[PDB]
Every structure is written in C-alpha cells, then in structure tokens.
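Letters go in sequence order (proteins before strands), and every chain restarts at 1.
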Amino acid sequence: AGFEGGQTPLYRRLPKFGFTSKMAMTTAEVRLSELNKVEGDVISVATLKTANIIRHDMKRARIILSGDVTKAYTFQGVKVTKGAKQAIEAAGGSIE
Amino acid sequence: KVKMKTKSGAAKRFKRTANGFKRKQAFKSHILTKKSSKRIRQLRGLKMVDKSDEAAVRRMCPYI
RNA sequence: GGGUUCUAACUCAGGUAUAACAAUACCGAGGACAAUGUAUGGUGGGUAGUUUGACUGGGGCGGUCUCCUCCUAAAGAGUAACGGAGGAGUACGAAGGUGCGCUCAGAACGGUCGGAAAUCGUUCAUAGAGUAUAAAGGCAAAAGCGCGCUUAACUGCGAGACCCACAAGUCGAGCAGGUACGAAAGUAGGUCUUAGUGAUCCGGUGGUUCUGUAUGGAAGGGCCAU
RNA sequence: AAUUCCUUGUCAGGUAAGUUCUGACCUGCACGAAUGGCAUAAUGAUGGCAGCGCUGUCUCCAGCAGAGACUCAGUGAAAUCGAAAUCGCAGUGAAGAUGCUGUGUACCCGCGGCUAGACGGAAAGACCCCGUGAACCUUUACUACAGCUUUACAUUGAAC
RNA sequence: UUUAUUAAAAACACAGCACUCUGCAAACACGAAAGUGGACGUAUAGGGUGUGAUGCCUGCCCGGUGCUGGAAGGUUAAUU
RNA sequence: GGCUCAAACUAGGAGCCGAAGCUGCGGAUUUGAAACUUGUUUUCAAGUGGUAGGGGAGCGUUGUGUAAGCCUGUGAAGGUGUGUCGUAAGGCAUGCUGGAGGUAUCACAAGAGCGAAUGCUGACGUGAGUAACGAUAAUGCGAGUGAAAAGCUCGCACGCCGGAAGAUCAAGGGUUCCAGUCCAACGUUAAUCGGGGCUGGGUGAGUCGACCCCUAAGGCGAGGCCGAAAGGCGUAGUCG
RNA sequence: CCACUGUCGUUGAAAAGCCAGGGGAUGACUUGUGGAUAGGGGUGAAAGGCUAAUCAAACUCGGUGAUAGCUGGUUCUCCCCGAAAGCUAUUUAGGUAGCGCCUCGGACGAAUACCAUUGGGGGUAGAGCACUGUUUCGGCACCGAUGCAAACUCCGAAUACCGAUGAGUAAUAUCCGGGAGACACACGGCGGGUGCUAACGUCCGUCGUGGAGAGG
RNA sequence: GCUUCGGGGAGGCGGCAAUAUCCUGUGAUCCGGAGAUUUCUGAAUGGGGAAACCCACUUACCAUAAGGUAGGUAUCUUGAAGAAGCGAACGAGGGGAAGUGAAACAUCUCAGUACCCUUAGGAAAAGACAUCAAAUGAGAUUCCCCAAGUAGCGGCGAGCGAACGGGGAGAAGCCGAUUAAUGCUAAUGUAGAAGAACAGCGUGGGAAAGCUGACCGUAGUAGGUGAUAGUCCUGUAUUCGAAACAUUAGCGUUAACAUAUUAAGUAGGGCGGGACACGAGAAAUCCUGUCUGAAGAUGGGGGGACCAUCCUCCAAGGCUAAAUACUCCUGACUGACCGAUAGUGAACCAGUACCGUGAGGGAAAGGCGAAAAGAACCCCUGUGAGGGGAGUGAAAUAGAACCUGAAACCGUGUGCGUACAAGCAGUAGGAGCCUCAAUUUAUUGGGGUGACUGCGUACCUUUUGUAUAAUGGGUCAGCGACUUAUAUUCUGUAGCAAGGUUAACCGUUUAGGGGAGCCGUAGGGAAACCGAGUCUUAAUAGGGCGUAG
Ligand SMILES: [Mg+2]
Ligand SMILES: [Mg+2]
C-alpha cells in the first residue's frame, strides 16, 4: 500500500495539513428525525444519551435540520440551527 | 484482535469529503520568490484526490 | 590566584609474626598522587554493522542522466537510438507599466585631421538590421529604438480551455478593490515567446485568533506568507 | 635480467641448422643497495643449457613370459533411461536431424572389436553477466564500539 | 619446514645483522576481574619489527604519512 | 521421375481439381427478440479458434445430518471384465473375484481430484546374465566322509614366509577360544568346512598385572579472592 | 619417518593406495601413554594450513517454516468472452505502480463506426533556387546558362487529422464500479534514422500475420 | 514376592508361551487400604573414582583368628533443626540477539522476542490511592468487550500505538488475611453388590438378519457373541456397601514465626542511561549509575513544559481472597479429528535398530481363522527346502511371509501378424485369417489380429519462436502445492428497515437476557464555528466542496 515502484508516493508528494481538534471529538450532531427515540418531551444531552442518539461521553450536542419533528419538545442545553429552530417551533416545541 | 492498520502518514495528507478526498497541493513549501503570483494563488487551497489515485487512498486509509 | 611540606585516607606485586595462600598487626616505603566510578574531548580497521547507482549492441573504461531550440518526426499532436547539431541552471526597479515619438544593416558620392571602416551631409535601402542570451517561430499597430511620468513585477479571484498516469505545467476574457500612465476610448496581474529549475519531511522567519490536556494564560500545534 | 614491452635487440661462442643457453654491449618500456645490492665455497628429489656413457625414447617395431580380455560352470553389480519398429545423403528447420522433405540404400537376430555421432553420461557452468544475493579481506568510505589517553567531580585531607 | 588429499619450491624457518620498545607490579600477552604467562628472568635481559650464513658493502631525500621532542601562539569538551 | 511444335516461356480462351472458406443435411450451444411463458413450449437473428486472464454451469471423492431409514451372507466395500447412458467430468446395470459392510435424495463441511516440482516413500525394470569375485606364494593326486568334494579331514608330493606371513604382549575388541552338532541366511563360488546357527564347556596366583603406597603434567579444590547471575581463579589439601 | 618422479588404479584392493625408483635416518629426529589450548576462538618453521573424511570462520541444536523482485512445480469437467509485450515513473531496466489494452456488473441510448457531400489548418512526397549554403561553365562580386541539400524553401499534393450535414447498415460509443493479466515481443510490407539502402542486425512510425490460430 | 485389614467366590502360579511340579471352599489367583523387606549407582552425603567401583575410620556386641551384626562419620545455613537433587507448562526477576521489514541501509523494526541465568506457588504478580477526573465527579488490584487502529509516536519512513471513560467478571479491606502439627464432626475418594424381559418356523457353516407372534422399559442407537440383539453375555436405568488410609471443610488446641505507628541521604535537582504507545521532543510522570539534596501539615505530591488559581491525594512501614495464566498428570465425557506413507518419531520389545568422539540425529515394521480345528498319516526329496495326497475348516490361489490382493515388472498357453523392408509406432481406410452368434446356411452381426494405402517429428516447461541437439521425468503405486484467523471493501442472498445490530457476559447455555458500543441517517472548514449549507473573501461577488441502510 502506498508504493508506486520507487517513485515517491502520492501521500509523500503532498503536504500534511491541519490539526486534530479534541473539542470535535465530544460534540455530537443530532438530526430532527432521530428524536423519535427520546422518552418524554425534554431534549437535553442526558436525554439524548439515554436515547442512545449520542455517545455517552459526548459533552455537547447540536440539533440540525435533517428530518422533521413529529411532536413538541423542549430543547434545554443544546445548540439548534436556524432551520431546526423554525421546524421545532412549527411542530410546537421551544428552545431554552 | 487484529485489525487493518491505517497509513498514519497518508491520513495526515488526505481527508474525507462527501464523494472523495481532499488534499493540499505541492510546490508551496519554499522557493516562492521566483514563482508567479498566479501560481502562488492557484497552488493555495484544496484539490480533490484524482480518480486514478482514490483506490490507493482507500487502500491506505481504510477507516476514513 | 601556583608551588612546598605533612600524614591520617588510599597503595605496596616490601620486611617480621600469624603453618601455607590470603587477611590482619606492626615496621618500612610511597601519599592526597596513584588507582578506580561517573561525565567528557582526543585517538582508535584492534573489532563490528553496512554502503559503494543506473543506462550500455556482454561487462568494465569512457560518456550520459534535468531543462530549452532545430532535425530525425512519414504536411494535426505524439513518436526511439551511446542518431545529427546547438543552448540553460541567468539577467533587469528598468531591460517592467503607460503615454508620446522614431526607424535599421549596408552601398555609393561629398567633406579637416580621418584611414577599408569614427563623426557630418545626400541618394537608394521591407529589414540584407535589431530583438539581454542558443535556435526556431515571430516582430511596422513594430515585439526593434528614444523620452516623460511611474510601480499592474498589485490583492482577492477567475467563465472557459490546452496539456496531462499522477504530481505538476500552460493560456485566459471577465468581476471586485486599490493603483500608474493617458485629454480620452483605454492599456497594464512582469520582460516577443518557448530554457534560467527541485516534491515531501524537517527546521527558521513575518502575520494570524483558530486550538490551547482541571481553569486563566503560556508552551506547543494549525492557517496565511516566506 | 625470476626485471626488457618493442624483441627471436645487437655482436661473439656453441650446432649442419640454436625464439633456449653462455659471454659481452647498454638503447635499464619498468635494476639498485637490510620489502637489502653484487658475489660467493659447500649444500639442494631447485630452474635453464651442453656433453660422455647408455639405451625400444625413436627409425620401426618383432618375438617371447605371466595377469586380464575370449569360451564354459557358479555367483552377480554400475551410471543412465519420455517412449522407440533407433539407416546414408543433399536440403529444411529454435539456424549442425535416426525421427521433417526429396531421394539413395537396406532380409531377421547375435558375438568379438571400435569410438565418428547420439550437441553421449557425470556435476541446476566455477568463465561471463544479472540479483538494490552472501561471505571474508582492505582502507586517509560511513557509522559505532573495545582499548589507550585528556580533564571535571567523587573516594580526598592539613599547614605554610 | 610447508599447501593431510593436484603446488616441496626461488616459498617458511634459520644462525647472524639492525632498528625500536621495556628500570621491573617491565614492556608485552590471556582474562570482565581476580589470577596468570613474560620469569621465581632483570637491559650481555625480555618484547615487537624488518632483514637473513659469509665476503665486499649498504648512496641521496624529513616535502607526504608515522614516530620522538617542544609549547610561543591559534583553536578546542564536559563543567561553570 | 522425367520434359524440347514441352510437361518451358509470352499472349489469350475453355474445362476441371483443390480448404476445417461457402452451400447442403443432422445435432448441440451463447446472446437477443417475439409469444401457454422462472425449460413450457416452439421459432427467428446474430454468433460459438484461443495463451495470460475475467465470467458462467457442473462431476466425483471423504465426512455430518436426513438415517433406529434404505440396501446388504439370496453377498457390502474393494478388485477385475463386459454392456449401456450423458457434451464432459462421470453415472447405471451386470458376470467373475471378495467376504462385512455401504449408502439414495437434498443440504452442509472439505486433509476434495496429480504426470512432471534433478518432488518424498516403497516396489520393480533397463544396463545384463554384462563387469567383477580383492594382491600372480601354487598346486597335484590317493583315501575318508558325505545327497553331493577343486576348496573339509587324513596322507604323500609340490610351493610360499621365516627381523615373518613364526612367538609374547599392551591398546582395542569381547567368547571370536575348545568340543559336539547343523548348512537355510552369512562366507563375493560349492561347502560335509567356518571367526556362521544351536547346545555344552573353558580363564584357578602372597610372587605376573591391576588394585594398593607415592608423586609428574594437569584436574578438583573447607576457608580465600574475583565476578550481573551462571561462574572464574586459587591456599591447605585431594586426586591424577 | 617422509613423499620428489613415473606407470597403474580413478563405478579403486584404497573417499588419496600399489609398484618401481626417491629423501631424512643422533636429530630443529621419530614414537607410546596421559594432559593443555575451543570457534571470530585456538593453533600455525605461514600453505588461510589445521582444528574428527567438514574450514576465508567447525559441529549440533535452537531463533527457523530466515529471507529469496529468482528458478521449478501447482492435481476434475464443460460453456462465454478474451489481452499485452506500450506510455509515464522508478537504486529502474527480466521487479513494481498509474494510464492503455481484457473480463464481469450497472448506468446510458446512438452521443459510435463505415460512406457521400461539405468547412478547416498544414509544409511531408514531389518539386525549386526566392533565402541559407553548396556546384560547374561562359561573360565581365554581378550578369547568363547549369546542378544539389535532414537541421535550405518562392512552392506543394495524395493521404491522414479536426469539424458539419445526410442515408442505410451494424452485437456502437461513453460513464461508474468488482476481478485481472501485461509492461522480453517476432517477422513480412511501407516511411525513415543507424549499419555497408549488410545482417534471421538495431531503433522509431505505420499496416498485416504470429504470439494466442488449426485448415489449403 | 512376605504380614495384616477389607472386597470376592472358583479357579489359579505376570506376557511372548507353553510345559512340569503343584496351590485352591482350612477361601487360592484377583482387587483396594496399611505395613514389612527394600542389593548397588545416582543429590550420593566417611575419603576417592573411568556411575553401578576402590579404600577406610570409629562406637557397641559377638567370634578367635584374619571376621560377623547394629549403628556413626559430607558440606552449608540457622540457632538440635533445616537445606541440597530432580521434574511439564504457567509466574516473578537478572542478562539479552540476529536472520527479517524498511523493497539498499545505519535511526527504527524484528523484540525485551529466542536464548541463557535465578527463584517460587497452586497460581504468581499487583492491590487500597502522595490514583484518576474536571462530569451531576469517582473511588484498590486483576481479567474480558468496547472506546480504537482513534489520540499520539515515527529516517513523520517501514512501522509502533494508548488513555479517559462506558459495559461486564469478581469484589475487601486490614495491622496475625502466616506456617506447621495434632484431636473431633461432616463429606469425598481409593475395592465392590444387586440389577428387567424371546420363542417358533425357514435360510444359513454359524442367526443377532427374514417371516410369525410375545415381553421389559426410570433399562431402545453401549461393547461383544460364528452375519445386523432392548429381552444370550458383559453392561445400562435405578438403588447401593468401607475394616484401613488419603483429601476437603468446620471446630478446638498446640508450637514456630510475625505483630510498623506513620517514615531523610528520602522527595526534588545536575550529568548519563532506561521505562512510559511517546525515538529529546515544547516533554510531563516513573526507574537509577554518578554528583547532590529538602520541606516535614502554617507542609508536601499530582493534575503532560511552565506560572497562578482550583481540585485531589499524603511517598519514603508491612500485608491482603476472588475474578486471570497453565497441564507432566488423575477421573468422567466428547469429536462433520486420523486410520498404518495417515495419526505421536513410536499401534509392533522406539527414542529401539542404525549413524555420530560427542552434543545430537533417527527409522522400518499391524491383520490366518469364528474357533488352531495350525494339517495325524502316506509319497518325492538330503530326516533339508519345497510340494502332492489325506485330513480340518463355510472357505486352504484363508496354510502360517497366511484377509482383500491393484499396478509397475516377469512367465506359460491359445489366435492372428511378422525374416525386401526405413522414422513419435498412431490414425483414417482395408484384404485375409481365427472365433462366438444368429441365418434355412459362408451372408450379416459381435470379438481378436492387421497384409496393403493416405496422413502423421512425444509430453511438460520456458519462450519472439521448440521435433528440437533447451528444461524435467526409468516405471508403477501411495503421498505432495492458494489454507486458517481476524480486519476490510465490493457482489449475491435472507431478515428487519429510517433504522439495523448487540459484544463481553449471564443463562437449568444454539434459547432468553445484556444497548455498552458500531454502522446509517449531513455537510463545509485546519480549526473554532456554523449547518442544507459551509469555506475562502472587504465582498451578500466569483469560485471549491456539499445539497436505504
Ligand atoms: Mg580434515
Ligand atoms: Mg492374501
């Protein structure tokens, strides 16, 4: 793997770039269509964990507009995008 | 358990995009006075990995 | 800041006693040296581990290896040979931009020094010149030659193409911002073009909030430039 | 010349005739003084050259003796071996043919001989090249290390 | 004396010569060290090197690289 | 071979031969297309040389389940013939041999298929009844015994060694020594013979040697020294 | 004790001998018995000799199933398709990798090929001296006749290549993906370089055949 | 083989392997517990030594001669008691390669592996925070599944590779969680005992198989028995025994050792190394050869350079079960494991023969039959070998080299062909002959042979190209080469489907539970961050990447 016959390989022709962020390892994006796995109306990081939507070691969560929400939820400690927020309050929930 | 090992040096050069891999371009490290500003502009930023090279990239970074 | 002396560490492969070896005691001789541990510079084929290219009308020797121009190349492109010939590894803050202006080599005739040929005048002269440099292609709207002002040898880019295994390479209208020259329409992102070049890693430097291992910093890393 | 390439150098001697030998010359490709120079009695299963004696070494082989070979009886291997109903020639052809073409010759099978061919057997050519093979050796190749050596600290103190 | 098993020699050795080291717990060698050999020897001895009876002898060059001595200056480690 | 108004050459013409090409007839197969529509049927069109290699469909073998089944002493597996069926791998039946096991079908799992690897093991060929029968010191004959005598025993004669090819040991071996008995194998032939087989016997020490006493080289070595460990050295000694 | 010469023997009587000769034979001699030195170590009157028929690093076991871009071998059957011996790069050159070429699956559907008509650019074959050179003769460097040239061109095809339009024929082209193999090619043509217009020579281009194809 | 204590009840004196003398209901052989005897060598131990040998000293007793019996006599450690040596794997510790990979090679890898050395225990080690975390904090050690081939390290090459945390197994904390005896109580083990039910008929050498009809079953897929048996034997289901000794626990008691009192040459530092996934790196933390050297609770350690703040925890005393590792062994049970070239090297007198000085290397070799009934006797032969009869047996080309009995290879017999003809030995034709069958009778069909004609240079490998005089194979038989594990991607198929699926574990175990985790459902960007968008930019422009599992 990565051997071109002696010609310097592609991954060594090219430069390394970037650094790896530890903050991104604990931030979980949550789709609106995954919320049917939640028990109750409150949507917090703990509730997402017990629904298994996010890993149990995730510290932060972000709710993004991917599917649709079928009931009214109360998002407490999560970041909500613009379209996700409008869809949430169109279904009748609130963000705090 | 035995697993496939990533090419850790290839992972530092290639990143996953939706339908391919992105990469930086070569010839930007040093020797940059003589280079035209068009080349300094156009060698900056991300390219996509070539379709002929993405098989090797997949063989090298099997978990990305 | 150096010597000298001393003895008490340390040494004796000296004497005497302890059976012998050794140790011990004393005496004797040395003595802060020697010697040994750690660290360190030198020396070190004594000994180890290895390297010591490829092409090639066998190999060696010689030559060559990357780039540019012509030909081979069979009127699109490409196309090999240890085929035939030549260049490059730079230069320039003007030799770049612009506005304005100009036209060369030669030959003959006349003219002080002055000639084959200096400078001056005349008549022919589409380039028989020049183009920083090799060759090819080009060049009068000159791309050749002057002058004034200048910094577009700009920043962000770039529709679209050429070439191309990849990595690269090439050309590019147009848009935005700032600028130069021009009265202006404009032209300008280096130089007539095609050589003047070297990936990644690593390390340095100028910037930057992006990150910052409890937290605030910082170190280090990332991004942009070099 | 244990050294001289040119080279069988030249000249002399030896032979009928001498690229060797012996003597000398010096034009030493490329001798030379303890990696010793030039000699040297004696010594050497040492190198070269020349004689006498002697000879089957040879002209040129003859005869004879013994041991095999040959025949019989007993015992009974070997390497090799795709399979063989396994001829010449001139051609052909992976380019030197028992096996293909054309042709010539040839009744079937032994035994004693023989070695021209079967590119005969034997040993995965040691020559030569290749492989980012091996080994061992060399060195002012590289990088280390042993050893040897330098200084600091420790063991390690006192006085002037 | 030697290539046991294709080389016996002009090769090795040799008595002799020279250089050089070594003052004795010698130099040198084996060994991790203890302990040894050198040697129960002592510079007329012991080690290393070359040369190789004997006769006549053994020229010149110290630039290179070694070796020996010297230390004025330059450079230079750990350490501080 | 042979050929001369050709069986040569030139220019024309007409016949014919000639291939796995084309056509005819029968059969199979790939793909596509049409319709009873997962072969259910018929057709049609174009195809079907093939190394490396890609794709598709199967055969057999061992074992597990199906299987406390089914087959099998009225004869299993295996062996060896024959017949028959399929494109093939192969299947089916059956005679003989054999004498105790085998396995339908469908799944499932492989130590799953051999001519080559100077492959590995065993067996057996060719060479070939060929070479050779191991010092050229040498044998002849008469008796005996015996199944059988060149080779054994006895006798006479001949030849060979005799600083050995005789004799005594050490080392090494270990019964080979002696007698009887046997002759398959062993003995490079035969063997009645033997260092072969089998059964018995045979080795007698105060003085010969060992042991023993003693030490050499060289070992080991209370204590001792040294060394990561293991160990190395070394005194007295103790072995040798 | 040794081993100078020769014959023999070389599947030997023998994994180093025999025979006939040869050397040393009171010495740096030969020989018995026991002991010492051990593998990068020993020992060596030195040949890299010898260290148990093994020596430029013994033997045995182990690491170990060392590694081997190399050589050999790789076992049942039938059906369909079917290469390459090129380019680029490479401590590469007989290895490997991307691309090209093969196969299978999917997407797509004429975007493909052939031909007719038609729009292009060209500097080759031929040709020619207008330039760069080169050549001859005449007249007087220039004039006139007269030759030649890969790196000369005042000219200049056929083909080929890039487009358009249009029929018919056709198991097309293109894209995405799974699996490759191949990167030693050879000859006969044609156009050349090289060689000697030598080579079953060599190097390119281009076609056909072989490779991987039997039949006549 | 001797004694005894238990079992058992008719044979027996181990096997090849029989024969003889005998023993045995006065209880043998046999099996289980205990005891007695127990040569010499070997740690080998009285000294020595070429192991199985040589030589002693001494105490007591007996003998009178040249001895006999019973002891004692090594070394080391600790104060009389211990030790030594050997032997599987697993543990802990002291040393520690190289081949190989990097397509060379030196850092690096291999690998702290092989190997050498030391030393335990049934386990060992570790273990109770001078540990992590940064969450609402948790709460020792060990092991498993994830986290994750992630974060990192790395000639940033080849490679190496965590942790935090989550889910499990197991849980425990102490200051005596020690060791060894003995004595009770319980349980076990080490021999054993009983243990159901089938007949007839036919075939057959023999019946267990066939046909008919019964029976037992808490016992029906066991091994045998002359072919295949629930009912013939041994067994199986079930129920069960111990004089003696061992083992495991609980209890009690003894005698040996141990019993810190909070930790200075310590923490930290300089230099050189090592270990940490981490190769000096910006390098924390651990270990220490060398040189140094605190504070000591108003203090100190850690939180990955470092400082401040905050959190956390108290090193320099010791201990501690389980969950984890293993198999020289014992018992029970199992196998889509082998079946004599396989499976152990070894089914057999195998670590043998044989080879080697030695370390060491290292085979080959199974089968008569149901029962020896293993062939009396006769004949040929040498009282040989071998055979032919007779006999036995179902069978003797089952006769001891013995089941079956392939091939290579070598004979004999029969038929046809072949001694004038040139070559991969066949093939397509084709006469004649021979032989079986039909057929109302020399014609066809089957089989054997093949005069004569045409064509025709093996196979494999390797090549541009091979009859090649290029490679390989003497032949046969047997064996001999794309696997296994995990990860990953694509394809098919099945189930579920915007969801799918659990892992380790638990489980009275293919089930059921276990949601930790993983994949999919969103991307852009180095990242923060934003998100159907996002990045770049002064730009809201342009452009890049984006917009059924
Ligand atoms: Mg030898
Ligand atoms: Mg038989």
Does [N] have a Watson-Crick or wobble mate here (both distances under 3.5 Å), and if so which one?
N      : value
H:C232 : H:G224
G:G105 : G:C176
H:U324 : none
C:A35  : D:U155

Given Watson-Crick or G-U wobble geometry and both distances below 3.5 Å as the test, should [N] and [M] count as paired?
N      : M      : answer
C:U43  : H:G32  : no
H:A10  : H:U461 : no
H:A120 : H:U537 : no
F:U103 : F:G174 : no

Determine whether any donor atom in the side chain of [X] lies under 3.5 Å from an acceptor atom in the base of [N], or the reverse, and answer yes or no.
X     : N      : value
A:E34 : H:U521 : yes
A:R13 : C:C166 : yes
A:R12 : H:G157 : no
B:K22 : H:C545 : no
B:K34 : C:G196 : no

Practice task
Determine the contact category for A:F3: base if any of its heavy atoms lies under 4.0 Å from a base atom, sugar-phosphate if only primed atoms, P, OP1 or OP2 are that close, otherwise nothing.
Solution key: base

Handout entry: Salt bridge A:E29-A:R60, side-chain N to carboxylate O under 4.0 Å
Key =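 No, this pair does not count.
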
Practice task
Looking only at side-chain atoms of B:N19, point me to the closest of H:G546, C:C166, H:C153.
Solution key: H:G546

Practice task
Output the single nucleotide from H:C146, H:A151, C:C166 whose closest atom is nearest the side chain of A:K22.
Solution key: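 Per side-chain heavy atoms of A:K22, the pick is H:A151.
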
Problem - Euclidean distance, atom NZ of residue A:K82 to atom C1' of H:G523 [Å, nearest integer] - result: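 Checked: the NZ to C1' distance equals 13 Å.
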
Exercise for the section: Dot-bracket for RNA chain E, please, read 5' to 3', with Watson-Crick or G-U wobble pairs under 3.5 Å on both distances, ( ) within the strand, [ ] crossing, | other strand, . unpaired. Expected result: (.........)....(((((((.....(((....))).......)))))))..||||.......................

Exercise for the section: Answer syn or anti for C:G128, where the cut-off is 90° from 0 on the glycosidic torsion. Expected result: syn

Handout entry: Single hit among B:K38, B:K24, B:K28 for side chain to side chain contact (heavy atoms under 4.5 Å, CB included) with B:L43
Key = B:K28

